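Chains as they are written, first to last, in my numbering: chain A, 3 to 119; chain B, 25 to 1255; chain C, 79 to 313; chain D, 97 to 214; chain E, 2 to 59. What follows is a set of notes on a single structure, which appears directly below.
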Amino acid sequence: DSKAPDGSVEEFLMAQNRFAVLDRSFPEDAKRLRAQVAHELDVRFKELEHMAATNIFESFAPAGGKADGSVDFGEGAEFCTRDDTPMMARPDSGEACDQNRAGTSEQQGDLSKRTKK
Amino acid sequence: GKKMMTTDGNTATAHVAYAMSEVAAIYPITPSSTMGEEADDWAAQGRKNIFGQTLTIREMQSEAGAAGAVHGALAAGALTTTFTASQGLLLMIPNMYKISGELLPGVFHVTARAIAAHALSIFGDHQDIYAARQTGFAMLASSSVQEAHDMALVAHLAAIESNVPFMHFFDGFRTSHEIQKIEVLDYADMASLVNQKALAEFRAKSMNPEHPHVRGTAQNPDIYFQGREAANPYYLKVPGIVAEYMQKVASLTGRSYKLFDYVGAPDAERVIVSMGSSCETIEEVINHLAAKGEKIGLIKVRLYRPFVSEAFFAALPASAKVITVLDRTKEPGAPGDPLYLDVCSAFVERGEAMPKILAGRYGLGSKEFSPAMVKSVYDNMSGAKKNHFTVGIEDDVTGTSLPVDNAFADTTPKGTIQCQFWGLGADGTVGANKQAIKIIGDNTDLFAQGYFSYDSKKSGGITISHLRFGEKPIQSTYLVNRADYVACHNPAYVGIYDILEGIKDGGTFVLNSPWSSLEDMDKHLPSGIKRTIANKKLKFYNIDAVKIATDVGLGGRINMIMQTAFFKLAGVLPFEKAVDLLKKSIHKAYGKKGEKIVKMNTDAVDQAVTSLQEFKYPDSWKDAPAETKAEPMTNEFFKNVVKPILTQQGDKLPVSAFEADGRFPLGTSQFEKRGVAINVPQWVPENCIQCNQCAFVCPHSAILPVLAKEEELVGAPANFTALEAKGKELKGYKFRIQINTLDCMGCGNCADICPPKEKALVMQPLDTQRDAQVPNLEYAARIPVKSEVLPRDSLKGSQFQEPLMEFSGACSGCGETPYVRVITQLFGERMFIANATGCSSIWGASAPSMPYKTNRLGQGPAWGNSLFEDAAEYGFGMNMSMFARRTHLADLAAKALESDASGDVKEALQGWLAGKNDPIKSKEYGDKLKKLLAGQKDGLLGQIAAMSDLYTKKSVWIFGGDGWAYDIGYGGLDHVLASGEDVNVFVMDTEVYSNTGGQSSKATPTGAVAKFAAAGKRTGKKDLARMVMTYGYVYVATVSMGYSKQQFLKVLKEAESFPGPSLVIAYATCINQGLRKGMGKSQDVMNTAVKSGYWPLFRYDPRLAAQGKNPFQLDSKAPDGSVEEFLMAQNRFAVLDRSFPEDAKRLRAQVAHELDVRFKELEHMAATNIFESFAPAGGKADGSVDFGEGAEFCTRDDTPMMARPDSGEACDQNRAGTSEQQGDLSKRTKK
Amino acid sequence: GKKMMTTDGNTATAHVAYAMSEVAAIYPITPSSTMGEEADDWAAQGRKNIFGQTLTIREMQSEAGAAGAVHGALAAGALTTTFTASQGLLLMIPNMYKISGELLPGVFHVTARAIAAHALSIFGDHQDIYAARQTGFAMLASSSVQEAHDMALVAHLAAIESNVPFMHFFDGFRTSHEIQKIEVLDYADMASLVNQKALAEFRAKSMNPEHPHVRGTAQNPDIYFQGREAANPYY
Amino acid sequence: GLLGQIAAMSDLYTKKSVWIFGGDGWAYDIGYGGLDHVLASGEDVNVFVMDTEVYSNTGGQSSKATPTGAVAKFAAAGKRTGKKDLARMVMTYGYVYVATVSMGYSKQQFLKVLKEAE
Amino acid sequence: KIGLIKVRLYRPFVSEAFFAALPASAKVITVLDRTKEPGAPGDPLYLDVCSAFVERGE
Ligand SMILES: Cc1ncc(C[n+]2csc(CCOP(=O)(O)OP(=O)(O)O)c2C)c(NO)n1
Ligand SMILES: Cc1ncc(C[n+]2csc(CCOP(=O)(O)OP(=O)(O)O)c2C)c(NO)n1
Ligand code: SF4
Ligand code: SF4
Ligand code: SF4
Ligand SMILES: [Ca+2]
Ligand SMILES: [Mg+2]
Ligand SMILES: [Mg+2]
């Protein structure tokens, strides 16, 4: 909504004591820092200009869906979804499952094949 | 009306909370998490509250955030609750003053849990609720599952009518996780007790622009004090409102309560005053002892705040000559704990008989408070009468403990059956027990009780169940110590844990094992057990549950067989009804897939009953010869401290055994060697290309690469096969991949990722590998690690470095541990780690197991866990200390340069100064100082000499999960990265609150199913990386091991070396994500996460900007189209698809779209030529200046807030207008 | 030596605090703000503490962030302080249990101020310090401008030797802002009262990769209670 | 009955406008974690930040909103880190309305933003 | 005949040092608390002092 830096930052900064005292006490550092501010806003503005010209933007869904129903992230999982800790214990936990101590499904599968009997 | 139900304190209270509330602002914290999760589940199922509405629940970023939202909802006219504990409650404190200060009817339900001091504890005690005793909240205690339900109802009702917020609390775990058969009220009955007039007034006085007011004013000394006292009338009436509601509820339930209730002998001489679950056990003991003539009693405190002295005396027997107040907390330095102090005040105020009061402390962190301990307390009042004592520990350093005699008789009511079950995590024991509680509770008049103890270990951990059944109410809020029935579901436990401890004579002990024959049984079964089985005439039963299961086809799952064992031999029910009942439940449950799966179970039962016969043992066992002690060599600390704890004997360690500040030594996990993997990798040297990827990938450091020169293999076992080392730099070396079979967890990542098609690593049953590999690893461990042969930060070279974090308690195939492990191979010897609470802190430092260790020189990560919310700040503090102390050192160094110090010293000092912040040089010159200044103890050189542990530059790291980084600690992380200082933050993104139960975090992606996002999270994943990249001066990068190990190392080296803030986000697979083919596919999944475009890798390096180049670099390719398969391969996405196909399709499409847009944006970033210049510093100088010096107008106001020592000078305060306006005006008036 | 000066409670205690600390993590809150600002001005001006160094002061995003930083600096062997009150002290409570729980020589200087309930107040009372009484911090009260200087000194010396963190407190405004002609001590005098061996032990037991340990473990019911009682000899 | 209950809820009939006011210290520092989380919630609320680029009321202390080179308490030689870019940070969500205003430059643009934000 | 006991070290509260400052002739003592804990049977300092007298048991 606004335009490119018009070049008056310096007078803008120097017109405020929060910047001016620095100038009166530490001239060298202050000029560097005021120059740094002019640089920052210069880069920022260019970035804002690019944002305004991009044609790369996320869509947008206001809401809608969910409805009645909820499912536990553990339901129907092939391997244990919770640990053996008191922290993950819940009223409905405690059922047997593959705790990943026997290896992958294919690994277990191939081991079976190799030991058949 | 009424309704019988078997649940725990949590669900029992959430039952009422849901009904009485319109809104809940929530945050998860153990052990209160279950409440919020049940509420969310019920809301989704369509459960209506007393207003016929579904509860409005939202999860906040922290408990501080929840307390604020709670305050908002209440101020805005809606009844509101929240559930919390420990650290969580502390964060609500500020808002509690506001909520009571504004007389709002809020209700907080809390699982009383210990506060972190010398250490963290998720267990139960009152340290947290007592910390809020001065906030103005009313405090009501429930001492049992049944009471939790009743008190939760009283609290809500009283809050509505009194306008005083309530905190309803019950003991963490001891009451919250104990399951009992209790009675609950329908919602309509709860509704009928609500004071409608008061409720209407609540809504009418609430915030609303149609009849507004202003709340939260700022007041001066003239009126604040009066304003604070104006609520007095409300607090004077709450006690009567509470008593009134206990009676109204009692008129519906038949269970009466008082502010303070008395139990025991009417003429008792010795009385206990207690609060919480301890009262149940205290009463059980009273009944027992009193029936023997002892004159004791107990005062149960219900309403702790306001404390009505009158009601307390109304319950005090006039004959009481001695009374002890039990406080479940410790307030260091206080003349006494909370309750004791309150009681003391009641007596001095009464100003009459002074019956001698004693203070006692008990149960910190769910410490057992058994009948024997109650006996101790009672004997104390008639004996020594030690004051300010502790019970439950042996205080051998200060002597404040009461001795405890465990020969005390069982005090459970006549006819109570007590059972104990020892199981292996994931074997289904707990589940079957919980099911057995229901079955029995729903089909008999028996009261049922269950309590479960778990493991700090996440995988292959031990579970021990405590179940009780009886004709009389169960008040035993302590573990079973004299069982009638003991079951050991894992043969391995037989010779490592005291399985039969306390088992009653004639009791029955069932064991799962293949030792069916008297020969095998005598071989594997230890002697002590035989001796015990014999001398107690126990009814021993062996059952090869693994064989039976396999036989009937259950595939080796033993839960159904052991369940049968319980029903048939426990003695709680007659065989007929028992087996009959079990079978009916088999059909009820299961029956999911035809009658096929059913039959297998019915069959399992039938065959279990038949095979279950009393194992007959010879009378010879009565004195079977004691064995030897083939115990390996290990630490004295491990010998005297950690092993005793690992074997469930921690309770016997006296306080003299611990460090006052709670610290633990590094590397105690080295000697655990648990051997819990079912299958471990077997090296096949014929196919090995000597790449070192297997060791790089291991979540536990179970793979040890060996690089030795023939001289080192002289005494190597015959089978220590070693290939000739490949590579021009490793000519004369021999190579070998040694497998640590006992530490391996059997996940399968190494084998799944091994390069050659003809795998060099193949999975095999542990038993087929240990004998050969145990003595092999023990030999390899003695071979010097060749850290100098290859570049430390190269893929192959890093595995030739000592890993400083091994054998942690992480799950098998954990996606976080591989990352930290290599990080330590790169900076381990000089790092500080400020670890956020979460999985990384639980596998990282759960006493007594400490995975982080020191290298050969004794150097290693200085590790610490402050809180969950402050990890970044904690690290920033470590950074500040280093800055100040090393600046001091530099100062001392510079002074020494200008002294007559020798030429060499000066040369070294000058070298150090020039390389102070460089890892290489600071160490190089620092090491010379250590040598040159050795022994020096006077003057400058002496001061410098004493600072050698500050010589080489340190590496400060902040470790944390996504929950910490994107939610609760985000504000802190943001501020610390913005400080521009040299710290390194490493975020292990599991896209969920893993540790606490898989709750949704802002790092959780669109459509992922997690707690509080059970229909698929409806907002996209928070982009933490792009947010901190807006600073321009912070190094930001994302990694994914499975995709590229080289980029990971590159990022590690770049982030650490960056002389400013670094943020690294790694994709970490987790069991909560439910990888369909096992966690052994983690590396593959990480790989796909990147290739699919889901988790793009990049690096934002500010020093490139400093040198005219683009700071942003893309490290991965555009989306390859595999998202759908990537997502569908994880249960967190697939469960949604099976339950809500439409939405699931939509959510997965959105995800594809989000990642597509994001990559495009990352592409333009990498192609941009618009970037800010960078400067690590430049300037400073000595001198300050105030913002108001020399200003033309006043720069500060007339407020007490801006007043400073130097203010008060006259200035133009802008009431005369502008400089020109004043000028022009002066001109226009001239005169 | 001794030196007569006219100042208020705030700067009288900051005089001591500056001298006795190496690090300070702060956040501004009335009426304690003056202390941190004085400390920052003096360091920027190059004033030396008893170690001949300028104070390392950083401003955090809140008092919770300040308390976390303080915990970290102490854990890493640096004498550290902070200035706070009211709502600010409340956010420090979690870390206070940690700081005392790990027996660190921290020192908090607070201008005791009213807590916000029915209304907010920047004025003085003990509602805030009483709210942190169970955290395990020793608590030393100064009832006058002259006492603030003296108790602040005692608090620092005692925390170093005892390993128990201290909270030195005085009334908001009534003492923090009252000015009086008092006597202060030179920094050399303060340095001479310091227990050198206790200070050295504090450095040597601090976090450092050269000689690591782990702190902040998670503990089960078997040992937590014993661990909480182990600190008794210190108290 | 029903009509009665509906009648008693007339102060809820018209849609309300929920506003959160706060300075830069609150938004960029102490309350940022909360602000970030609430904006990410997706709910209908409006936050208005009055940026003075300093903690004004308590005495002029620096905040992350303080710009490079500005003198303020704890920035007594000029702040040596630049202004935190709060705006670009919350603009990364994509579903949050974000705007900056300055009355003196344009009163019209300020009004338009109010209308669009609300 | 009146007096005042000034407390310097509030925590740890040392009863022994408290009593060393209390005149044996004291017949009435009032504890002034500069706070308000709603519902408490008394404010902090008061409660600490009451505890000192009960333990002394004289
Ligand atoms: C003040 C506070 N609120 C809540 C909690 C509980 N808590 C501890 S760890 C955790 C989840 C951590 O998630 P994450 O950060 O993503 O790491 P992880 O997934 O476990 O690896 C929670 C909710 C704590 N615990 O001191 N402290
Ligand atoms: C927990 C806490 N509370 C209060 C304060 C003190 N405080 C109040 S307002 C403020 C600065 C506000 O700055 P800002 O947000 O930029 O608004 P303003 O500039 O005055 O308009 C501080 C440091 C620090 N009052 O509850 N910490
Ligand atoms: S199976 Fe897993 S735990 Fe075992 S060595 Fe391989 S990567 Fe490590
Ligand atoms: S991953 Fe396979 S080829 Fe590579 S070092 Fe390990 S065993 Fe050898
Ligand atoms: S991050 Fe997941 S896989 Fe790793 S220890 Fe935690 S719960 Fe287990
Ligand atoms: Ca860095
Ligand atoms: Mg996580
Ligand atoms: Mg401001």
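Don't be surprised by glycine CBs; every beta carbon is placed ideally from N, CA and C.
**OP:** Could you tell me whether any Cβ in chain D is nearer than 9 angstroms to the Cβ of C:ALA122?
**Re:** yes
**OP:** Kindly confirm or deny that the region 146 to 153 of chain C and the region 890 to 898 of chain B touch, where touching means at least three C-beta pairs closer than 8 angstroms.
**Re:** yes
**OP:** Compare the C-alpha of B:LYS26 against each of B:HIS312, B:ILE621, B:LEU426 and B:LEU209 and name the closest.
**Re:** B:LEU209
**OP:** Reducing DSSP to helix, strand and coil, say where B:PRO257 ends up.
**Re:** In the structure shown, B:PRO257 sits in a helix (DSSP, three-state: H, G or I).
**OP:** Mind listing the chain C neighbours of D:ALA173? Cutoff is C-beta to C-beta under 9 angstroms, in chain order.
**Re:** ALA122
Subject >> Under 9 angstroms between C-beta atoms of B:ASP64 and B:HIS201 >> reply: no
Original post:
With D:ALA172 and B:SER1208 assumed to form a contact (beta carbons below 8 angstroms), what rounded beta-carbon distance in angstroms separates them?
Top reply: 4 angstroms
Subject >> B:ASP1108 CB to nearest heavy atom of ligand 5 below 8 angstroms >> reply: no
**OP:** Quick one: grab the DSSP three-state call for B:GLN444.
**Re:** strand
**OP:** Give a yes or no on whether 9 angstroms exceeds the smallest Cβ distance from B:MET1225 to chain E.
**Re:** Contact of B:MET1225 with chain E is not assigned, every C-beta pair being separated by 9 angstroms or more.
**OP:** Please list the segments of the beta strand (DSSP E) lying wholly inside the region 972 to 1048 of chain B, counting only runs of 3 or more residues, in order along the chain.
**Re:** 979 to 985 and 1008 to 1013
**OP:** Could you round the C-beta distance between B:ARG239 and B:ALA99 to whole angstroms and report it? I think they count as a contact, below 8 angstroms.
**Re:** About 6 angstroms separates the CB atoms of B:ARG239 and B:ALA99; that is less than 8 angstroms, so the two are in contact.
Subject >> Residue burial classification, B:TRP981 (beta-carbon count within 10 angstroms, cutoff 16) >> reply: Here B:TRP981 is buried. Its C-beta has 16 or more other C-beta atoms within 10 Å.
Subject >> CB of B:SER979 within 9 angstroms of CB of B:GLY950, strictly >> reply: The answer is no: Cβ separation not under 9 angstroms.
**OP:** Name all residues in chain order for which at least one heavy atom of ligand 8 lies closer than 6 angstroms to the residue's CB.
**Re:** This criterion selects D:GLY119, D:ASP120, D:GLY121, D:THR148, D:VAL150, D:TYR151 and D:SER152.
Subject >> Proximal residues of chain D, C-beta to C-beta of C:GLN139 below 8 angstroms >> reply: Annotation: Cβ neighbours of C:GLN139 in chain D (cutoff 8 angstroms, chain order): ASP125, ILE126, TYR128 and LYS160.
Original post:
Taking DSSP as the reference, what is the three-state secondary structure of A:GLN18?
Top reply: Coil.
Original post:
DSSP three-state call for B:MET586: helix, strand or coil?
Top reply: helix
Subject >> Within 9 angstroms, strictly: CB atoms of B:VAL1175 and B:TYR1091 >> reply: no
Subject >> Simplified DSSP assignment, three categories, for A:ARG36 >> reply: helix
Subject >> Selection of the region 38 to 51 of chain E by Cβ proximity to chain B, strictly under 7 angstroms >> reply: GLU38, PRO39, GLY40, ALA41, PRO42, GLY43, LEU48, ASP49 and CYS51
**OP:** Could you name the residues of chain C that D:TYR189 contacts, counting a contact when the two beta carbons are closer than 9 angstroms?
**Re:** Those do not exist, as D:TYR189 stays about 21 angstroms from chain C at its closest Cβ, beyond 9 angstroms.
Original post:
Taking 9 angstroms as the CB-CB cut-off, is A:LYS48 touching chain B?
Top reply: yes
Original post:
Start and end of the beta strand (DSSP E) containing B:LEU728?
Top reply: 727 to 733
Original post:
Does DSSP put B:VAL309 in a helix, a strand or coil?
Top reply: helix
**OP:** Could you tell me the boundaries of the beta strand (DSSP E) in which C:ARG136 lies?
**Re:** Taken as a continuous stretch (DSSP letters only), the beta strand (DSSP E) holding C:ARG136 covers 134 to 137.
**OP:** Would you kindly check if the distance between the Cβ of B:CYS1094 and the Cβ of B:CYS768 is under 9 angstroms?
**Re:** no
Subject >> CB of B:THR424 within 9 angstroms of CB of D:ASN153, strictly >> reply: no
**OP:** Along the beta strand (DSSP E) that carries B:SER394, what are the first and last residues, could you check?
**Re:** Here B:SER394 belongs to no beta strand (DSSP E), and DSSP marks it neither H nor E.
**OP:** Reducing DSSP to helix, strand and coil, say where B:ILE1095 ends up.
**Re:** helix
**OP:** With 9 angstroms as the C-beta to C-beta threshold (strictly closer), list the residues of the region 69 to 96 of chain A near chain D in chain order.
**Re:** none
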